[PDB]
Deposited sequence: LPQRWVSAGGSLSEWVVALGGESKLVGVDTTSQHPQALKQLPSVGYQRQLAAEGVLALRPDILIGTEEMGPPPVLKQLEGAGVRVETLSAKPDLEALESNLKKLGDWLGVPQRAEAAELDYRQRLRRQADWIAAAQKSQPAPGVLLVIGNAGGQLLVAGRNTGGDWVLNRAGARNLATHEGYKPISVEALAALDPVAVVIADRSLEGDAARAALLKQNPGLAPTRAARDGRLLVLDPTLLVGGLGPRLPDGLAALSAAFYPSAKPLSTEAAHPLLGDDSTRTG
């Protein structure tokens, strides 16, 4: 069984730790910020732009990542250097998660723990769905948009078949975007969609800074119901990297509470609320 692991992809790293493999992690990419301790480990750079020399320097027994791990030539030279490179799935669905956990469990030597993790996860999701069903008795599902930002610019809208879409659906909202994947869209169209709430995952900014930057670069969003009712929600971007992660259930609880404010929220930083208005 591999003893020295290097992990690329936030959620993958969280899973390794969750399954008890923290002491086996010798290096991680920049999107791996949870738990907090992972930030103090050697860095191999961004997952989409791995540093070959960086991973080799750690004498890794295994390198794990998803489809979004690369570039391809660097991964190839790594394999040629004797490094065991595994590719898990970043797809936004339980089938993928259950498959990733199966593998991680095996390479870690804790197949039972991996099964228990899958079980607790689905249980959390079943509970989240039941809470939503009850909440929709007094309020219909709101139309929402999830956008990925870079200091408020270069907006990418989460369309169908993305982690962002999965998160919006699982939290009880209706994704207003009908396209596939993450794609840029004119603010004009976005404003026309008039979302009840907008979820912002910014790579560089957080809280009010993220909100302010968003409005600076996309003034058209100010006339949306989302901006008017103080519903520009800031989400922890790492929640969307490397496939479905262990913190999503807590994330869904916070989002669904914001989506159905007239319902007693579920029990249990990853979601900043808006305190400003427009009228």
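Asker: Could you spell out the stretches of the deposited sequence that were left without C-alpha coordinates, going in sequence order?
Answerer: Seq positions lacking coordinates: 269-272, a single run.
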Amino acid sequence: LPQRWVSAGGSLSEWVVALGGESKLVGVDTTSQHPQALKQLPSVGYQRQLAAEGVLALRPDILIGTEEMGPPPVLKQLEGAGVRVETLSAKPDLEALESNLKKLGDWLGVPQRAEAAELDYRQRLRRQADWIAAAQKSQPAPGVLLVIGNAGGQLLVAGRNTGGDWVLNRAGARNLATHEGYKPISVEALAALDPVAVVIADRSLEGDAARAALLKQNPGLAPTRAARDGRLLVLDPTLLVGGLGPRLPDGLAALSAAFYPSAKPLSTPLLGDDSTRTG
From here on, numbers count along this sequence of modelled residues.
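Asker: Looking only at CA atoms, which has the higher mean B factor in the entry: 142-150 or 115-123?
Answerer: Averaged over C-alpha atoms, the B-factors run higher in 115-123.
Asker: Name the higher of the two by mean Cα B-factor in the PDB entry, 63-71 versus 215-223.
Answerer: The deposited B-factors put 63-71 ahead on the C-alpha mean.
Asker: Given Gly243, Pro237, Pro246, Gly54, identify the residue with the highest C-alpha B factor in the PDB entry.
Answerer: Highest CA B-factor of the listed options: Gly54.
Asker: Reading the B-factor column of the entry, which of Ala197, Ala134, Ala158, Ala189 has the highest value at its C-alpha atom?
Answerer: Out of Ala197, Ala134, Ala158, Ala189, the record gives the largest C-alpha B-factor to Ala189.
Asker: C-alpha B factor of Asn169, ranked within the chain: lowest, middle or highest third?
Answerer: It falls in the bottom third of the chain.
Asker: Which third of the chain does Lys102 land in by C-alpha B-factor: lowest, middle or highest?
Answerer: Answer is highest: the recorded C-alpha B-factor places it there.
Asker: Looking at the temperature factor on the CA atom of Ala18, which third of the chain's modelled residues does it land in?
Answerer: Lowest third of the chain for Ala18's C-alpha B-factor.
Asker: Considering only modelled residues of the same chain, in which third does the CA B-factor of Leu88 rank: lowest, middle or highest?
Answerer: Answer is highest: the recorded C-alpha B-factor places it there.
Asker: Per the entry's values, where does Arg231 land by CA temperature factor relative to the rest of its chain, in the lowest, middle or highest third?
Answerer: Answer is lowest: the recorded C-alpha B-factor places it there.
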